[PDB]
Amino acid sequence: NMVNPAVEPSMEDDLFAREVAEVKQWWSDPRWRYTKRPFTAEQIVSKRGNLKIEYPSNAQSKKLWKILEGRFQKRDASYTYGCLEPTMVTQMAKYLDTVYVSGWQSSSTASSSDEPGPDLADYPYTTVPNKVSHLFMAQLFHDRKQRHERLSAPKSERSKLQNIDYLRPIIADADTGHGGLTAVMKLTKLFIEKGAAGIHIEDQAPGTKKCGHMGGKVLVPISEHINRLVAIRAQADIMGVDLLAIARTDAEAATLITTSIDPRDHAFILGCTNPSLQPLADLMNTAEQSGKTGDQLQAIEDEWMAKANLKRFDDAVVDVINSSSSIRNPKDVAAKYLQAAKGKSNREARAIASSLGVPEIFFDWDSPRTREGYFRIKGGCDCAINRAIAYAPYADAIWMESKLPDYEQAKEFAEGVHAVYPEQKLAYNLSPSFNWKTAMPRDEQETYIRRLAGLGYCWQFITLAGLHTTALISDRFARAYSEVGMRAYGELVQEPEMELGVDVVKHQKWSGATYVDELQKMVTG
């Protein structure tokens, strides 16, 4: 009949050991020399099914890895930008060796539910993985098309034909993982199934995520983001692919953090140094239960914050030492304090301060909590480096959002991470949020990427360039077209296309009309 087991019991153990050995051998590849796996080959194989699946995503990540390995070793950089759709990706393939898929661009132009909006990662998590597939399936198509044209013409005739590399690895945005760890693994699975060569996940909290240059970004504990990076690697291992994992931190300008449970975040959590105040939350509640609204509540909250005199604990300590009237050598004590207290938890920092003769210090990080229950933090490059260093073992590349295209801070960040992991690859957001004309003169704009590459930033990208380029020409053309009709098409579009040799100008051929026509003749012939 039709009854049979998935696997004959007699062979279950054999197949398991054999597969386990294969994974341990795989993990030995140089690809993983910087990767820390807090789990065993046995644990991973034990989660796999009986049918091994191969993914073209794997090939692309291997390709991407070969590229970034070179770039970093030579202190050069591969740079690209956020691609919106297929037309754009086929043109980018001629000059850029990678492709970036922006979640910001996806919210405004590719939500799988078609409901657009600001960059809040609040679209269905199928969104970015579907954009990857949208571009990848188009890349695979134009590759087949072109190979067909090339192999179809006499060898001596090929020098005239194009030879574009359409299979440019795609790095996609995973936002914060769209939920818990089980969601992170499912998202990663889609990304691999859809073709991503690599993905990036940020240490922000889902439900509140904002674009890197917004005020009020909320972070998650360092341990939680590490879990996310581990979950991604675990899912990739289960699927047997080399998907690159990129860690992004928003600790530079972040002002909030979900919990203070992780001692590594203690040094940066703001505490109320005023013993007389009642909790902000209590104050704010009473304020609302009294009709206070808008600017009132704000004023009431603003005053509380000021009287609170919020500071990181080390600052609270240094201020006490310097204001003292009994402590001998304030500079010496403060100096010894800061040195020993670095990276210590709050309890240990307090213990250190007391051992150095400083009196007890009032420091309360609960009273300043927001109505949601979040804690306030004073981030910055130092906070960013701390996090990057902690993520490093679980990240193939690290990225830190910044406020301006500041070379020095990029240097500061890089040297900070490299002090611990000299070979850690770095990625950088050449954000269009920065007013580049105001930020730096042309000559420096022209060398910025190169200068950053010298620092280890081997992969750089202009997040929203696709959006802006499409908007600019659309605004320009639609206007001209409305003013002078077809004169605008020939002048602003068709002629420039010819002069530049844009292959799309010959739309029929560019679309694969001949390619499919030959597929047809082959079947009917």
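Numbering starts at 1 and runs along the sequence shown.
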Residue stretch of maximal mean CA temperature factor, 514-522 vs 2-10
2-10
Going by the entry, of stretches 491-499 and 54-62 the one with greater average Cα B-factor is 491-499
Which listed residue, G180, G195, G294, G240, has the largest C-alpha temperature factor in the record?
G294
Criterion, highest CA B-factor; candidates, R228, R168, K145, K210:
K210
CA B-factor placement of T109, once the chain's modelled residues are sorted into thirds:
lowest
C-alpha B factor of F72, ranked within the chain: lowest, middle or highest third?
highest
Ranked C-alpha temperature factor of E360 among modelled chain residues, by third:
highest
Relative to the other modelled residues of the same chain, rank the CA B-factor of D122 and answer lowest, middle or highest third.
lowest
Going by the recorded CA B-factors, say which third of the chain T438 sits in, lowest, middle or highest.
highest
